[PDB]
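There are 2 protein chains.
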Amino acid sequence: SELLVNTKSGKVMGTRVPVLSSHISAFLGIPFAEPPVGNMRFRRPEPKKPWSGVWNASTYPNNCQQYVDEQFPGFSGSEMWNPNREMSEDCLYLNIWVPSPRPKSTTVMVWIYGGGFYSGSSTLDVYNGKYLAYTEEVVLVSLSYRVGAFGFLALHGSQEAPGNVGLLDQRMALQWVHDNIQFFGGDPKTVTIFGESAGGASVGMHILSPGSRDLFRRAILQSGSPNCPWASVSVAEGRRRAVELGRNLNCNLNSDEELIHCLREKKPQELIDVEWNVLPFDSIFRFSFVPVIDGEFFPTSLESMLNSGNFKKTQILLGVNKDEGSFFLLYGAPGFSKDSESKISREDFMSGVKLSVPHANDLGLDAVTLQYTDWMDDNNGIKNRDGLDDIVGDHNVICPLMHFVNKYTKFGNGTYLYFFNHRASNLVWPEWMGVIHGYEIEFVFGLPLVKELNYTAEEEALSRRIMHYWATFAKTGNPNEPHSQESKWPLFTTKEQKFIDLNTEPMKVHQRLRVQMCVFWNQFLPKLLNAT
Amino acid sequence: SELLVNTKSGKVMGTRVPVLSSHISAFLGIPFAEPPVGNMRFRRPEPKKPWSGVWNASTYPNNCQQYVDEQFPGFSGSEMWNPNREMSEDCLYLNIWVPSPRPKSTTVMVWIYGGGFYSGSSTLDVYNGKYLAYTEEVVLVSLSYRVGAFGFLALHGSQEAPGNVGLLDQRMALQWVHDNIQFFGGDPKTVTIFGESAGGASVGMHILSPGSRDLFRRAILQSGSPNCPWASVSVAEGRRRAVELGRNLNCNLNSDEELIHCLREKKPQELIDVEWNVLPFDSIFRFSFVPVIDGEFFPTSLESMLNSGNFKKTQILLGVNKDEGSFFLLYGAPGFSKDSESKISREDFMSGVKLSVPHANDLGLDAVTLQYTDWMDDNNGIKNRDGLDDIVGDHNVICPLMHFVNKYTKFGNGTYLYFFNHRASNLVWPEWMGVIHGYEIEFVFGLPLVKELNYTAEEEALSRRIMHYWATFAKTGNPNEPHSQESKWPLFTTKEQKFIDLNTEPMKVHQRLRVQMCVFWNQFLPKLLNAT
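Top line first, the protein sequences correspond to chains D and W.
Using this note's numbering, you'd call the opening residue of the first sequence number 1 and step up by one each time.
Using this note's numbering, you'd call the opening residue of the second sequence number 1001 and step up by one each time.
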């Protein structure tokens, strides 16, 4: 039977699903690690023990225990990101969408969801692999990993909560795809991992980490890179937050064993209730528990790894959205509202700059303000709003990703950069937010192809273009069709630094994606803060 | 006789001179102080002792002993600024151009030449007061003062070379105009002093100094203000340079008397031969001997005086030229040539930035470079050239003058700002230099009215407009004609900050003259250098 597959872990029974008036197979909720419950909390994942009989993989698995957004109850715009399944510490499962008839050895794509390392589910609607699997004829795998304290608590030196266990979770899923995807029709020697936000940072981290390099062929990073200011902490800050977390739940703090044991007796929702209290600064776009440079997963510091060429050399395709920042200002900066044009005054502008660059002294806060203020029109509410929006995106996503793409390209074997700047016609968020963080995803998974979702004809056209780029790239290491007549997505080179825009208009190539600001955030500011 | 005038110092015999096919009186070389020779060198000026008989004031006086430019022998462009008379330490004289018939009580204008405080003569061709006196019917006075070591050597605490004796020279001339201009037809209660470059800085200094405030009614400052980074030094740096000067001439340095006496035995040309060796840094737009904040001429520091409203409150009219910097880059920065387009490379650009902001640490040099570099086109030779040109002008003339006009306007009784951006059609300097430092002067003195000089019809029209503005302002405190139909030069206010352009095109009002950069040079950079 086409829905029955025999893996090295046991037999699995999938289900047939309809897609764009046709069908494909779907094996949902296949386990890849032992349930990290009880004494296993905070600990590294262990391989799932083989099973007898047939595992029923016809329904989605549970979602990792996480923080849930309730800023806008009912609002689809924010709930489409919340977990749509029972939350449980028994979360480590993966989903596979296989074409029909089953391929013999086709290209594999493994998706890693984003969410600031504190949230995310593989089961959201926007992450439905069937449209992409079907349309491009690829095996689509979607894994899951532990988030928040559960996946990133870090008491270095201890084997009870080493840290990065959330990344080990992902590696585990990748190890399984490597050892079994062949039985699903996939070709293990041609697996592309691709992510978004924290998932984009995760992809970049497997490229840097020696232990994961041999488990994939290529990579796609969307709106996120490993060296982002929010994606990692030092073991010292990791330890500082581990303790403070324990201090909020009134736990014995005399020793790591003391602390860890107390944290293991707490109900999942109790760690999550106080999780946001450990941040060192009043900030925006920063998260409590994230990866930590431990000396294991990451040999040395990220910057020295990027400078020494110490990382997997292959091809990569990455890019960013036009307005990456707006989403975080809405939720945390004074002045912004989902229901108003949110024009910002001088006072609120500067409050925002303080919240965006939390680690900067008064001199730095001034450098940022001077760099983002048009003194001929300083009290223009629309300019202060869009200026603040730019600061958050540049410092947190764009300028960091450009530093990565530039350091990488010097040792890589091919780079392709994009700039997604198209606002979907059916977006429910206000206009001032623009091309929002994470909304390019729907085009990657092809939601525009399903009529009922209400997308324009050109938006469906854009979705197919992108799906063919990602898929053609996953297969060949080049997003372009061999002998096509269409426009060629030029290659990014240290010299030219070309890139293309991604929207419903005739392709246009450009150069030096936001150089003016990227030099400020990557060269000047760092230097200034270090001298002062 | 109309050419004979009896002053409080003695009788003076002037001469009749032709102007624009007509005539006026001219009393040239009237003395106002005792010859500062011998033991009087470096010392404060003493009033000229009355004389019997008639002083012959029909020919120009000598020029102060100064450094002479020989960078371009023969070139009119640079020689029209060199002394056109025998140089001598016996230099303190003034020139008066009086209308015919002699006025009973008309408006007076006293001109103070510029020259970096190290050069300048009142007898240059471009400073011929007859055209202006004639055309606007005003008494035009032109004084002279000691420059270089001779007028600014400063060994604070000693009465042999107190410092600022060059400014005392100017004050002396003003005291005489105040006590005698009435006998020439002038009205002493309506004297406007106006200068350019070092002279613009001098005008601003009489506005700040308690001792000179009561000697004039209004003021005009062109391309220069008292708080310019090159216009003054601390008593410590003044003392440091005084000594080093003495060290170059092998003088006994055991005591001030020791030093001063040795310097008084040296021929004038020997101090000038080594004068440029005392500058503390390899620099551009900086001069050896300049005014010094001594606590006498200047009660306290300039910045605190400007903040406390401690200065003469009246009306002022000031402005700058579009390309104030080019002239100094030509003479001192690597890459520029009088005969080439002078396109600058990245290396020479940065060499230039080092030469322009000599007092900045490596962090500052980077802030300046980042602020003046278009990273989308970093190797554009024309952009690096014009960028360097902007740095020199902004930091040395424009941003400092805007700081003055803003601090002043808060306590003044009327401010009028202009921006001269017209390049004369007969300029002999290369095009890349643009609207050069000091070339607005020719329009102020009306050289365009004399055909033989080869100016366009619109340039002569511009010259008359400016001459009427300066003159109408000197008389009324407003450059505008009471009930005119012409365009009104709006008033500058703390709120609006309006200003006008000055060229052969229909007047256009603007706002915030170069705010973006003025904030960098007046607020951020200062602060950065202080914290680091």
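By construction, the Cβ of each residue, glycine as well, lies at the ideal position given by its N, Cα and C atoms.
Can you give me the Cβ contacts of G115/D inside the same chain, cut-off strictly under 6 angstroms, excluding the 5 residues immediately before and after it? As a first step, residue 115/D must be located in the first sequence, where it is residue number 115. The residues are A198.
List, in chain order, every chain D residue whose beta-carbon is nearer than 7 angstroms to that of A1531/W. Sequence index remark: in the second sequence, residue 1531/W carries index 531 (1-based). Under the 7 angstroms cutoff, chain D gives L363, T532.
Going along chain D, which residues have a C-beta under 8 angstroms from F1524/W? Position 524 of the second sequence, counting from 1, holds the residue named residue 1524/W. The contacting residues are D366, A367, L370.
List, in order along the chain, the chain B residues whose C-beta lies closer than 9 angstroms to that of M376/D? Here chain B cannot be found, since the structure's protein chains are D and W.
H437/D burial status per 10 Å Cβ neighbour count (16 or more: buried): As a first step, residue 437/D is located in the first sequence; it is residue number 437 there, counting from the start. Looking at its Cβ environment, which holds 16 or more other Cβ atoms inside 10 Å, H437/D is buried.
Are there three or more Cβ pairs, one per stretch, closer than 8 angstroms when the segment 1491 to 1504 of chain W is compared with the segment 1414 to 1422 of chain W? yes
Reduced DSSP secondary structure (H/G/I, E/B, other) of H23/D: In the first sequence, the residue the question calls residue 23/D occupies position 23. Strand at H23/D.
Please state whether DSSP places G38/D in a helix, a strand or coil. In the first sequence, the residue the question calls residue 38/D occupies position 38. Correct three-state label for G38/D: helix.
Quick one: is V1519/W near chain D, going by C-beta distance under 8 angstroms? Your numbering for residue 1519/W matches position 519 in the second sequence. At least one chain D Cβ lies under 8 angstroms of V1519/W.
Taking contact to mean at least 3 C-beta pairs separated by less than 8 angstroms, is the segment 1423 to 1438 of chain W in contact with the segment 1455 to 1468 of chain W? yes
Return the first residue and the last residue of the beta strand (DSSP E) that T415/D is part of. Position 415 of the first sequence, counting from 1, holds the residue named residue 415/D. Residues 415 to 420.
Kindly indicate the opening and closing residues of the alpha helix (DSSP H) around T409/D. Along the first sequence, read from residue 1 onward, the residue named residue 409/D stands at position 409. 399 to 409 is the span of the alpha helix (DSSP H), which, as asked, contains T409/D.
Should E481/D be labelled buried (16 or more other beta-carbon atoms within 10 Å of its own) or exposed? Residue mapping note: residue 481/D aligns to position 481 of the first sequence, counting from 1. Flag for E481/D reads exposed.
Within 10 angstroms of its Cβ, does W276/D collect 16 or more other Cβ (buried), or is it exposed? Within the first sequence, numbered from 1, the residue matching residue 276/D stands at position 276. Per the 10 Å Cβ criterion, exposed.
Starting from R1464/W and walking both ways along the alpha helix (DSSP H), at which residues does that stretch end? Position 464 of the second sequence, counting from 1, holds the residue named residue 1464/W. It spans 1457 to 1476 - the alpha helix (DSSP H) in which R1464/W sits, taken as one unbroken run.
Short of 7 angstroms Cβ to Cβ, which residues in the segment 1476 to 1507 of chain W face chain D? none
Starting from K527/D, find everything on chain W with Cβ-Cβ shorter than 8 angstroms and list it in chain order. Position 527 of the first sequence holds residue 527/D. The answer, in chain order, is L1363, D1366.
Option in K1313/W, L1259/W, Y1067/W with minimal Cα separation from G1412/W: Position 412 of the second sequence holds residue 1412/W. Comparing Cα-Cα distances from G1412/W to each of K1313/W, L1259/W, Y1067/W, the minimum goes to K1313/W.
So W81/D and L124/D are in contact, right, with Cβ under 8 angstroms, and what is the actual spacing, rounded? As a position in the first sequence, residue 81/D is number 81, starting the count at 1. As a position in the first sequence, residue 124/D is number 124, starting the count at 1. The Cβ separation is near 7 angstroms, so the contact holds.
Go ahead and label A474/D buried or exposed: buried means 16 or more other beta carbons lie within 10 angstroms of its beta carbon, across all protein chains shown. Stepping through the first sequence from its first residue, residue 474/D is reached at position 474. Under this definition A474/D is a buried residue.
Under the assumption that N1095/W contacts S1122/W (Cβ atoms under 8 angstroms), give the Cβ distance between them as a whole number of angstroms. Sequence index remark: in the second sequence, residue 1095/W carries index 95 (1-based). Sequence index remark: in the second sequence, residue 1122/W carries index 122 (1-based). About 6 angstroms; that satisfies the 8 angstroms criterion.
By Cβ distance, which residues of its chain are closer than 6 angstroms to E505/D, with the 5 residues on each side in sequence left out? Here residue 505/D refers to the residue found at position 505 when the first sequence is read from its first residue. None.
Rounded to whole angstroms, what is the Cα-Cα separation between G309/D and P50/D? Along the first sequence, one-based indexing puts residue 309/D at 309. Along the first sequence, one-based indexing puts residue 50/D at 50. Straight-line Cα distance between these residues: approximately 39 angstroms.
Can the beta-carbon of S1351/W be found closer than 8 angstroms to that of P1334/W? Looking up residue 1351/W in the second sequence gives position 351. Looking up residue 1334/W in the second sequence gives position 334. Cβ atoms of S1351/W and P1334/W: closer than 8 angstroms.
Go ahead and label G1393/W buried or exposed: buried means 16 or more other beta carbons lie within 10 angstroms of its beta carbon, across all protein chains shown. Here residue 1393/W corresponds to residue number 393 of the second sequence, with the count starting at 1. Label assigned to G1393/W: buried.
Rounded to the nearest angstrom, what separates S144/D and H359/D at their Cα positions? Here residue 144/D is taken as the residue at index 144 of the first sequence, counted from 1. Here residue 359/D is taken as the residue at index 359 of the first sequence, counted from 1. Straight-line Cα distance between these residues: approximately 32 angstroms.
Using 10 angstroms around the beta-carbon of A461/D, count the other beta-carbons present and answer buried if the total reaches 16, otherwise exposed. Here residue 461/D is taken as the residue at index 461 of the first sequence, counted from 1. By the neighbour-count rule (16 or more Cβ atoms within 10 Å), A461/D is not buried but exposed.
As a quick exercise: from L253/D, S232/D, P280/D, pick the residue whose alpha carbon is nearest that of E303/D. Taking the first sequence and counting its residues from 1, one reaches residue 303/D at position 303. Cα-wise, what sits closest to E303/D is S232/D.
Cα-Cα, which of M172/D, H483/D, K322/D is closest to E34/D? Position 34 of the first sequence, counted from the first residue, corresponds to residue 34/D. Nearest option by C-alpha distance: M172/D.
Looking at the unbroken alpha helix (DSSP H) that takes in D386/D, where does it start and where does it end? On the first sequence, residue 386/D is found 386 positions in, with the first residue counted as 1. Note, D386/D: alpha helix (DSSP H), 381 to 393.
State yes or no: is the C-beta of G1434/W within less than 8 angstroms of the C-beta of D1282/W? Translated into the one-based positions of the second sequence, residue 1434/W becomes position 434. Translated into the one-based positions of the second sequence, residue 1282/W becomes position 282. In this structure, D1282/W does not lie closer than 8 angstroms to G1434/W by Cβ.
Could you tell me the alpha carbon to alpha carbon distance between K1267/W and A1242/W, rounded to whole angstroms? As a first step, residue 1267/W is located in the second sequence; it is residue number 267 there, counting from the start. As a first step, residue 1242/W is located in the second sequence; it is residue number 242 there, counting from the start. Answer to the nearest angstrom: the Cα atoms are 17 angstroms apart.
Whose C-alpha, out of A367/D, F327/D, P400/D, is nearest the C-alpha of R385/D? Taking the first sequence and counting its residues from 1, the one referred to as residue 385/D is at position 385. Nearest of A367/D, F327/D, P400/D to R385/D, Cα basis: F327/D.
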